[PDB]
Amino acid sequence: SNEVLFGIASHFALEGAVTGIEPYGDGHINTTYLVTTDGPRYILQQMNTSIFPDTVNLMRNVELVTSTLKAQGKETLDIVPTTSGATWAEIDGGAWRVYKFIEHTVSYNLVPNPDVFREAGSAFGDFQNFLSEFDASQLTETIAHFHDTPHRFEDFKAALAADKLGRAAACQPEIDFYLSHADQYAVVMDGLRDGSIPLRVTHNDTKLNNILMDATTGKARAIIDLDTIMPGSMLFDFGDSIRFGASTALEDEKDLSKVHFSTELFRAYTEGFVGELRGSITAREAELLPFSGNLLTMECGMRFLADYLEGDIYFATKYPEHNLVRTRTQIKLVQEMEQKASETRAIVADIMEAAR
């Protein structure tokens, strides 16, 4: 309520007298408010400390990345300090932060067309490019092992072994798909480990609703939602974007005849992404762009299936078989990626040469 909210806002060095504070946006993790003043506007968020208990480390990650982008004249989340100079405030139990409102933007939920998907690729390619000289090792793992696929596979096997709901009996083909792909899961972790794949900043929630684009030009403006900034390989981010974004269907589509991996959307994202990162991407990274799609789609699928086997404790579900329906789309997508490897390899090689 306003009196509590107005009081909360008083903790921050706003550059305008507060005039209103109301719920804003469609975020589901933090609690987001729009602060209107006699002047500029702000985003005020109560941070979800159940999901992110370590506020100091999370905000440290956000400060490091945003400071680097700001230092280079790049638009990003701009933290407004507390009146005491901190990046966030402890208030009667809660953890609160303020960002300058990024004005004159729009954003998308579902991918509307290849052109917008290309611009999403451009947004994250630009993000990667301007962080190419940032020492990613300074960042902490806010969610440990987040895209450590071998670790996720161990978790999957534990859920399978426990079979607490006796659900394994009903999904043998899905289980065997993940078991049979076992020797593929370590490709990127091994690469990061031996230095053949660069350690880079990773965003880890590359969904389009985190890419603000200009309200008039439609061009990428800024990457937001920096809660999950961590070290990793950019292949984790690229692969996941391909996972959700190059599908012709929703993640929980029941009719598998409608679920396809679209090479047109793959080409669109890759054009935008590589177009901005051509001077930094390594040969090994380029080599793995198509496979990163397989990897992150398999990782996501195995997590859905593990959750199904464990009684749906991690992902929200709407009906008993929701996670099983989800895992099946991810399986369909990977098999198509496997079968179109010739095409995607050729697509990447062509885009690499064109970007020059």
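Note that residue numbering begins at 1 and tracks the sequence as displayed.
As listed in the deposited structure, the average C-alpha B-factor of 228-236 and of 76-84 is greater for 76-84. The deposited model assigns a higher average Cα B-factor to 86-94 than to the other stretch when 86-94 and 208-216 are compared.
Looking only at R221, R278, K100, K164, the residue with the top Cα B factor in the deposited structure is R278.
Residue-level inspection of the entry shows that, of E119, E154, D255, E174, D255 has the top Cα B-factor.
Ranked by Cα temperature factor within the chain, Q335 sits in the lowest third according to the deposited record. The PDB entry assigns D38 a C-alpha temperature factor belonging to the highest third of its chain's modelled residues.
Among the modelled residues of its chain, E321 has a C-alpha B-factor that falls in the highest third according to the deposited record.
Annotation for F127: C-alpha temperature factor in the middle third relative to the rest of the modelled chain, per the entry. Among all modelled residues in its chain, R303 ranks in the lowest third by Cα B-factor.
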